[PDB]
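Comments concern the structure below.
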Amino acid sequence: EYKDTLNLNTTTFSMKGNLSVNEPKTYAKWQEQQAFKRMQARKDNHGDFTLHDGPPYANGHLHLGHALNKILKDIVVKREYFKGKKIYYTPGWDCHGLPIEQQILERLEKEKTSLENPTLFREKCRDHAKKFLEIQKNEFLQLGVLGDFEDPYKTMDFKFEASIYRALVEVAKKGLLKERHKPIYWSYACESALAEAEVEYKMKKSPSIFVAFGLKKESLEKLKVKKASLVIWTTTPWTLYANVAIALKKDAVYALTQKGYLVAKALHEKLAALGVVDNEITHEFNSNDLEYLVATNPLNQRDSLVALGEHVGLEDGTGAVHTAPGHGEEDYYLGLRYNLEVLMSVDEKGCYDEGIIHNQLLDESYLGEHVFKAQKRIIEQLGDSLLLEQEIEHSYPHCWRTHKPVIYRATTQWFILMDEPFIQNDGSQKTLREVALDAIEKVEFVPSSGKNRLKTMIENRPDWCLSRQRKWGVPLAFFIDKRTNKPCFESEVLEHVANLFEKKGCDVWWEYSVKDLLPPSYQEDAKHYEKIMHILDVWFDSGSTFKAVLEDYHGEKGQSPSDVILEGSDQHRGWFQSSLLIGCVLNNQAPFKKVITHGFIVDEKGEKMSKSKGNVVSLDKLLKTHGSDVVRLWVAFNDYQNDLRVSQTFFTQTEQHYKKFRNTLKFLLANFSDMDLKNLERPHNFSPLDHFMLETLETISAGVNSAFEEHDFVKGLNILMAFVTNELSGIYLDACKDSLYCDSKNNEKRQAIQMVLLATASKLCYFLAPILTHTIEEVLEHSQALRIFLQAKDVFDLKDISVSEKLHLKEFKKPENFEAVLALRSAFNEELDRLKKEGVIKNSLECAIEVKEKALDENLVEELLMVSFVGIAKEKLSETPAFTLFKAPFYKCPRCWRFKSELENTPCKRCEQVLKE
Ligand SMILES: CC[C@H](C)[C@H](N)C(=O)OP(=O)(O)OC[C@H]1O[C@@H](n2cnc3c(N)ncnc32)[C@H](O)[C@@H]1O
Ligand SMILES: [Zn+2]
């Protein structure tokens with residue numbers, strides 16, 4: 001009957017998050033109130049921070065990977081904002097290319113329709129990108145992220161298309177944009193060249209065959225043998241029609257078997273065990289003496305030159321390599337080395353064309369057949385020359401959006417050259433590969449291992465094929481002079497076109513005549529010029545975002561180079577590399593100072609998610625079930641630099657952490673809710689325990705901050721959680737509960753406790769604000785004391801505070817040392833544990849302790865162990881080397897339940913006083 005005489009100590013801040021209901025209201029408010037613009041306009045901004053957004057493709061709804069990405073960017077940006085900086089973060093969308101165009105192509109199929117008008121086709125692509133840009137923008141905002149989402153950048157904006165073109169212009173004028181004719185990746189499904197970032201290597205089954213090419217009569221006579229046939233190994237019977245040579249290893253021994261097969265001696269043992277060749281060797285020859293002999297192709301009876309390759313391998317195959325210059329890059333260079341024909345009779349759709357008849361390379365029945373469908377019939381046609389057929393599996397390149405296997409076709413395309421010296425901005429001379437490698441060494445990678453991934457790619461990469469044979473993209477908008485057969489790179493022409501794109505967009509390249517695309521100076525010679533109609537690799541679009549966004553807006557959307565970029569691990573093959581290369585051409589450095597890489601969302605078994613496999617976890621369902629602040633906490637509280645597995649068990653762990661933080665903030669708010677805000681002006685006498693908590697708060701705050709500075713949010717959250725769980729809840733709040741609930745509101749020691757709780761909630765708000773922004777906004781909404789103490793209207797006014805200044809602490813105050821008393825506490829609690837299960841007592845408050853160590857502050861002992869008496873009493877309960885435990889020789893107080901009453905059912909002296917107030 002004393003419960004209503006206690007301090008109420010409640011807050012309107014609720015235990016339950018109600019996140020599905022409350023979070024949309026917060027995020028809608030931030031949109032309506034233009035919170036991001038308010039952040040940028042903050043009057044006392046000091047220093048600048050630029051995160052340059054890498055642009056997601058404007059196709060589809062968001063998945064959990066996009067959420068991971070944008071949430072990490074948001075934590076990084078909000079950290080810098082709350083450190084006091086002016087922030088720049090303009091999100092963007094990647095609107096061109098097959099990620100958009102393939103969806104139009106597939107829908108036209110399903111509807112059984114076609115769209116051949118270029119302007120109308122580009123319009124359907126553009127409308128699709130516009131549609132999903134808005135969908136994605138709103139789904140991003142539902143995660144609580146803040147950026148310039150009402151003014152995002154778009155690669156389909158006319159000014160951006162011009163910026164991309166002007167970047168290409170800079171490459172051309174530095175001498176790095178050149179035509180090459182060679183075999184390259186070819187996607188037959190979309191009738192386009194491809195480069196590396198547009199291929200996905202996947203396991204594929206293939207025929208694997210060993211084929212005898214008999215030496216011609218005159219070559220047998222020169223070699224002085226009766227029978228000899230070189231054996232080749234190939235997995236592509238579809239290229240045998242284009243054979244012109246058989247390449248051997250230089251200065252290497254070739255064995256001739258009794259049945260007359262000629263293979264590398266080093267491989268004969270393996271080949272005979274396979275049954276490709278017979279076991280007996282009759283003669284050995286040096287490949288140097290075999291060069292310029294001639295064999296016969298069993299498929300079509302054509303000559304095949306015996307040639308010497310560069311670096312022919314002896315781990316695979318036979319040591320004799322079927323050479324088809326039209327369908328292999330190294331083959332092509334060998335063919336030119338020996339002035340051989342480049343046979344290439346495979347069209348843009350991957351089908352054999354009339355060249356096989358004109359050149360007598362393959363039977364006419366194959367005309368129009370797809371090369372992969374023809375292979376079975378080709379293999380059957382080989383007859384006795386087929387020595388062995390297997391089926392193998394190997395990693396094979398596939399088109400990134402049609403998912404069909406690619407082939408290689410000799411073709412003329414446009415490239416950025418990697419090993420071509422060009423004039424540096426400082427006047428020196430270096431190749432792009434050299435510049436990029438030097439640039440990488442100036443970039444910080446998080447984790448540092450990511451440097452090695454990008455560096456190895458730059459060390460090994462080939463020339464970058466830029467030209468694509470689709471319509472949705474930025475054209476390589478140069479004219480060829482027919483009088484010279486070379487491109488026109490005159491600045492007046494290039495600037496004229498760039499200005500037209502900036503005002504009208506690239507549709508004009510298809511619509512306008514050559515004369516109408518030329519400056520008036522040139523229009524009389526318009527008859528001599530023809531347009532290049534190829535469009536740029538979409539990876540060149542996105543590689544140019546630093547120029548189009550950071551440079552062309554002169555710092556208004558962030559500096560070049562950016563301070564941070566942050567993307568998934570596939571962007572070393574992608575956007576990190578394209579942006580590095582273009583930045584090194586234009587600026588001779590990377591357009592970013594730091595690269596943070598995150599892993600991929602994968603299922604509970606570590607496997608990739610796909611609608612095909614049935615293992616896709618829905619972002620919308622995840623948000624509905626847990627709320628965005630829980631999804632955000634899951635991101636921050638996990639090892640995001642490696643792949644992240646999604647499962648109910650891991651989200652249940654995160655929910656328990658969120659509940660612990662939330663329940664802690666509720667308790668804090670409840671227990672300084674009644675404090676007279678005049679307290680905030682005056683200093684207080686703090687107890688040793690108070691000081692221990694303030695000093696501990698400062699030590700853990702430094703550790704959290706250092707961890708968050710290194711982007712190790714797990715480490716920082718673990719420090720914060722341990723403080724919340726152990727020192728705060730376990731030690732301080734337990735020890736303070738009596739004063740908080742049972743001491744007078746005027747009690748100066750209670751007021752000091754409340755100031756410690758205020759300072760503690762203040763630091764929790766500051767450190768959690770980048771991660772749980774909605775929840776900290778809610779905390780401030782419900783606590784007038786915090787808003788006054790922090791001079792904060794809302795979460796966007798938070799700053800790191802000096803607890804020392806706010807609480808008026810003395811400069812040279814010597815820290816508490818609690819090692820001895822906390823060791824006594826743990827030892828007492830272990831002994832109390834044992835007495836409880838024996839039934840000897842129920843609670844620490846029933847006990848008296850006499851400590852043999854006279855050196856300890858006895859009131860601190862009583863405070864920390866929550867005994868009701870320090871000293872000697874009558875009934876001995878137990879004894880250790882450090883202390884003796886007795887039953888407290890008092891009654892339980894009916895108001896505070898401490899054993900401090902001299903009379904049964906009578907308020908103790910403290911409570912008596914409080915009740916009389
Ligand atoms: C930087 C984007 C470039 C230019 C390109 N448009 C692109 O890849 O766009 P998108 O495919 O939509 O991806 C945009 C960003 O999401 C990241 N991402 C994609 N899938 C996943 C996934 N399962 N798990 C985690 N992250 C993912 C990707 O790593 C990039 O950080
Ligand atoms: Zn009492």
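Would you mind classifying the range 135-204 by shape? Square roots of the alpha carbon gyration tensor eigenvalues, ordered a ≥ b ≥ c; an a/c under 1.5 is rounded, otherwise it is prolate if a/b is larger than b/c and oblate if not.
oblate
Could you please state, rounded to a whole Å, how far the C-alpha centre of the range 577-635 is from the C-alpha centre of the range 34-100?
The range 577-635 and the range 34-100 have Cα centres separated by 14 Å.
Using Cβ counts within 10 Å as a stand-in for footprinting exposure, how do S804, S610, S192 rank, fewest first?
Listed from fewest to most nearby Cβ atoms, that is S610, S804, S192.
Which part of the range 282-300 falls in the paramagnetic zone of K227, meaning amide N under 14 Å from the point 7 Å along Cα-to-beta-carbon?
Answer for this model: 282-283.
Neighbouring Cβ atoms within 10 Å as the yardstick, rank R453, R825 fewest first.
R453, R825
Stokes-Einstein diffusion coefficient for the range 625-769 at 25 °C in a medium of 0.890 mPa s, Rh from the Kirkwood formula over Cα pairs: what value in µm²/s?
Using the Kirkwood radius from Cα pairs, D works out to 149 µm²/s.
What length, rounded to one decimal in nm, is gained on full extension from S428 through to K593, with 0.36 nm per residue of separation minus their alpha-carbon distance?
Length difference between fully extended and current span is 57.1 nm.
I'd like the Karplus ³J(HN,Hα) series for the range 195-205: coefficients 6.51, -1.76, 1.60, θ = phi - 60°, whole numbers in Hz, and an x wherever there's a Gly or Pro.
These are the phi-based 3J(HN,Hα) values: 10, 4, 5, 9, 10, 10, 7, 9, 5, 9, 7 Hz.
Given 0.36 nm per residue, what is the gain on full extension from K852 to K455 after removing their alpha carbon distance, in nm?
Difference between extended and current length: 136.4 nm.
Which whole-number percentage describes the relative contact order of the chain, with Cα contacts under 8 Å and a sequence gap of 6 or more?
14 percent
Under a 5 Å amide H to amide H cut-off, with H placed in plane at 1.01 Å, what residues pair with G214 once short-range neighbours are removed?
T296
Run down the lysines and flag those whose C-alpha is under 19 Å from the C-alpha of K373, throwing out any fewer than 8 positions away in its chain.
Straight-line reach from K373, under 19 Å: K204, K205, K349, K404.
For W93, what residues show an amide H to amide H distance below 5 Å, using hydrogens built from the backbone and excluding near sequence neighbours?
HN-HN under 5 Å from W93: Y153, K154, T155.
Please work out how much length the chain gains when fully extended from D127 to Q648, using 0.36 nm per residue of separation minus the C-alpha to C-alpha distance, in nm with one decimal.
183.8 nm
Using Cβ contacts closer than 10 Å as the measure, can you line up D316, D347 from fewest to most?
Ordered from fewest to most neighbouring Cβ atoms within 10 Å, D316, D347 come out as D316, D347.
Pop out the ³J(HN,Hα) list for the range 45-55 in order, Karplus 6.51 cos²θ - 1.76 cosθ + 1.60 with θ = phi - 60°, rounded to Hz; leave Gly and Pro as x.
Taking θ as phi minus 60°, the curve returns 3, 9, x, 10, 9, 10, 9, 8, 5, x, x Hz for the range 45-55.
Considering Cα pairs under 8 angstrom that are at least six residues apart, work out the relative contact order of the range 826-873 and quote it in whole percent.
Relative contact order, the range 826-873: 39 percent.
Select from the range 865-917 those trypsin sites (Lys or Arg not before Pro) which occupy a DSSP coil region and have at most 13 other Cβ atoms within 10 Å, ordered by residue number.
Passing sites in the range 865-917 are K874.
What is the diffusion coefficient of the range 819-916 in µm²/s, taking the Kirkwood radius over Cα pairs and the Stokes-Einstein relation at 20 °C with a viscosity of 1.002 mPa s?
155 µm²/s
What do you get when you divide the Cα radius of gyration of the range 196-409 by 2.2 N^0.38 Å, with N the number of residues?
1.01
Testing the spin-label approximation: label points 7 Å from Cα along Cα→Cβ at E32 and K515. State their distance in nm.
Between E32 and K515, the simple spin-label model gives 5.9 nm.
Between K216 and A722, how many nm apart are label points set 7 Å from Cα along the C-beta direction?
It is 8.0 nm.
With just the Cα atoms of the chain, tell me how far they stretch along each of the three principal axes, in Å, largest first.
125, 77, 57
Determine ³J(HN,Hα), in whole Hz, for all residues of the range 592-600 in sequence, where each value follows from phi through the Karplus function 6.51 cos²θ - 1.76 cosθ + 1.60 and θ = phi - 60°; x replaces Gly and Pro.
9, 8, 8, 10, 9, 10, 10, x, 9
Taking +1 at the Cβ of each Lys and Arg and -1 at the Cβ of each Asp and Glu, which of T155, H496, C465 sits farthest along the dipole of the chain towards its positive end, judged by Cα position relative to the Cα centre?
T155
Which of the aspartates and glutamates could a cross-linker bridge to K25, judged by Cα under 20 Å and excluding same-chain residues fewer than eight apart?
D74, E134, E139, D148, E150, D620, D629, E777, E778, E781, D794, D797
Please go through the residue pairs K852/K892; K745/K854; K159/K611 and name each one whose alpha carbons sit more than 28 Å apart in this structure.
As for pairs spanning more than 28 Å Cα to Cα, those are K745/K854; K159/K611.
Check which residues have an amide H placed less than 5 Å from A888's amide H, if you skip close sequence neighbours.
Long-range HN contacts for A888: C847, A848.
Positive end of the charge dipole of the chain (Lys, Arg +1 and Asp, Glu -1 on Cβ, about the Cα centre): tell me which of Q751, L581, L256 has its Cα farthest that way.
Of the listed residues, the answer is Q751.
Take the Cα of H283, step 7 Å along the line toward its Cβ, and report every residue of the range 236-277 whose backbone nitrogen sits under 20 Å from that point.
Inside the label zone: 246-269, 277.
Quick one: dipole size for the range 196-409, taken about the Cα centre, charges +1 on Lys/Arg Cβ and -1 on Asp/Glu Cβ, in debye to the nearest 20.
340 debye
I want to check the label-to-label distance for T12 and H394. Put each point 7 Å from Cα in the C-beta direction and report it in nm to one decimal.
Distance between label points: 7.2 nm.
Once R0 is set to 22 Å, what does the formula 1/(1 + (r/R0)^6) return for the Cβ-Cβ distance between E191 and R377, expressed as a FRET efficiency to the nearest 0.05?
Efficiency, from the Cβ-Cβ distance: 0.35.
Every residue, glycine among them, receives a Cβ derived from its backbone with ideal geometry; neighbour counts consider all protein chains shown. None of the figures in this text is laboratory data; all of them are computed from the coordinates on show.
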